[PDB]
Each structure stands twice: as structure tokens, then as C-alpha cells.
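Quick heads-up: it's one chain on its own, the form deposited in one PDB entry, in C-alpha cells.
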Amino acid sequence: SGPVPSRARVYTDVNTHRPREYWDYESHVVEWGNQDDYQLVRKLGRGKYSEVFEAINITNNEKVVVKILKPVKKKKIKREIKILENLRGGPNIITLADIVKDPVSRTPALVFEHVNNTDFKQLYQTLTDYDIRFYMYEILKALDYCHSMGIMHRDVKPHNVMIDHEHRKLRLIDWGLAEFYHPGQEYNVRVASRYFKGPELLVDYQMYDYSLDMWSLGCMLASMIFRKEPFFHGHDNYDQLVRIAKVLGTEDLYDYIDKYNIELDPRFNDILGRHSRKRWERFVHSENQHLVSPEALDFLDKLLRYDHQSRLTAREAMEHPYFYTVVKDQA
């Protein structure tokens, strides 16, 4: 009794009809810039795949950010590079400015445009109801754009969202886990970060799509309007699903595994229990009430759904009443 196949409800065959070279990053040949044009200034953060620093382009005193990669596999490198080039110039998509050979690390260092970011842990405590709606809209532009270009980000979370608040500027970063979508393809579920992992990842259903990003976006929103970051705090990948079940309820969770004929890892048997689906109003309090509205809850509710197929797409979400105001571009 294998799982039931699944397809994205949108942008299903965008790569199908594009030139092989578009999505075939393995054959992509990296062209390098001059590492001598950049000087590191400060470390911004470090991960299992790289260390990031603020830097300066010795050529024009322009500020930049350098991502020095850890050894990982040539294939992995080309993938991130191809996706960044394919998406460059897209709305709110971080701009890859250069690619160079770090002589010290002997690995490739990716050079991006710099954003005067404000640590999200501090910024979120300041955000107003309008800010949230605004930045959420900006993130949707990015997601709709990359999805429409046949690409799944796969690591949507506050950390990969740079915000220059005074300029109301937002860029989506870290496309290291991003991958092209091909209908019927069974992906690796080891993506995204624990707290933003969708139930598909948690239950091990590999035939997922762009909708994975929409669940991740839902988690950010909930954490934003409720002033609780992260919203779903699991102790591990298993307990993570438990935290979600304790909110969305176990009935709908089980209805989901039945629909796609998913075989749950026995390890869940002793931890999921039985839980009623709570009302989004249960997370409202004197400290976040000002950020919660009927439209915000209706919208959140349509993003945070077990069935990835029933989740709102980025283009559909942008049409929600929650965003009517967001001082529509126009001028």
C-alpha cells in the first residue's frame, strides 16, 4: 500500500517546457569573478554549509555580503548558483552580485547585495499590524515569483528574510535548499528548518511541491501576529508534528494521512495522542490583540492546513482581504 501521488495545483509544468539548461544545473559551468575585489569586514553568522560576513568591494567602497561555503558537493554549489541567476531581478529576491574562489577556504564564496537588516527577534517586537501585512505581501511577491519560475525555496523562515525597515525593503535569502519542481518527483524531506517544516515533511511524504513554502509562511505569520517566535516549538522532528497536532487537532491530521495513504512512522503512535483543533482566538492576548484581526485569522487558517494541496498558493493569498490596504503600488 504505497502513497497516493500528488501534483502542485499551479506552475505544474513550467520547467517541463523550458530549455534543459534552465533547470539542469549539473551541466552549469560557473564563471568566476575576482576575489581580490572583496574584503571581509564582519561575521554575520555561520552554518553547517557556510559562514556569512559583511564586506566591502574594494573597487567602489560598496558594502556587500559574502557567503563562504563549506565543502558540500559541486552539484550542490551549481544548484544554488543557477537558481540565483535564474531568479535575479525578481521582486524581493536577494541579488547575487558575484561568485569567487575563496583562496583561504579553497571553496566558493557567493557575493550578494547588502541589506541594512534589523535582527528579526528585535524587529518583530516593534512591528505594527500594517507592517506585518506589508512585509507578508512582500514575501508573497517573492514566493509567487520563484514558484512561477518553477522553483521551491524550501527554507522559508524569519532568518532568511532580510528587512531594511526604514526603507520598507525586504529580500528573501539563502536559496541553498532551493530546488526545481518536476511533477511526480519524490524529493528529500530533509529540508526547511524544524519549526517551519510542513506536515508533509514530518510524515515523510516525498511528492510535495511549492505548497511547502506556504506552510512555512503560515508559521511566520502566526509567530508574527501572536508574538510567539517560533509559533510551533517542537523538541525534534517528531514532537514538532505533535505541537502542530495540539493546535490543528489530530482528526484532520489523520484524515490527511488516509487521503494520501501515508504510513506513519510507528514512533508517532505513542506521542500524537488525541487533540481537538483549537480556535485561533486561543492565542490572542493583551500583548498581540492589536495585531490580530478576523482577516488575519482567516488568512492564517487558509495557509496552515495539513493537506498541502488545499493550502492557498502565493498568488491566491495575495488576493486575501487581509491585504486590501497594503498601499497598493499604483504610483
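Residue positions are given as counts along the sequence shown, with the first one as 1. By rigid core we mean the largest C-alpha set that fits within 1.5 Å across both forms.
- The deposited model assigns a higher average Cα B-factor to 111-119 than to the other stretch when 170-178 and 111-119 are compared.
- Of the two stretches examined, 298-306 and 45-53, the record assigns the greater average C-alpha temperature factor to 45-53.
- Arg243: CA B factor lies in the lowest third for its chain, per the PDB record.
- Sort the modelled residues of the chain by CA B factor and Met136 lands in the lowest third.
- For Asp258, the recorded CA temperature factor ranks within the highest third of the chain's modelled residues.
- When the modelled residues of the chain are ordered by C-alpha B-factor, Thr16 sits in the highest third.
- Placement of the Cα temperature factor of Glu251 within the chain: highest third of the modelled residues, per the deposited record.
Beyond the structure shown, there is the form deposited in another entry, which is absent from this document and is the topic of what follows.
- Of the residues checked (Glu179, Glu138, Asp131, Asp102), the rigid-core alignment between this form and the one not shown shows a Cα shift of at least 2 Å for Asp102 alone.
- If you fit the rigid core between this form and the one not shown, you'll see the Cα of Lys121 move by 2 angstroms or more.
- The Cα position of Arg277 differs by less than 2 Å between this form and the one not shown after fitting on the rigid core.
- In the core-superposed comparison between this form and the one not shown, the C-alpha atom of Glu54 has shifted by at least 2 angstroms.
- Relative to this form, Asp119 and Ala178 approach one another in the other entry, with their C-alpha atoms ending up at least 3 Å closer.
- The pair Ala178 and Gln122 is at least 3 angstroms closer at the CA level in the other entry than in the present model.
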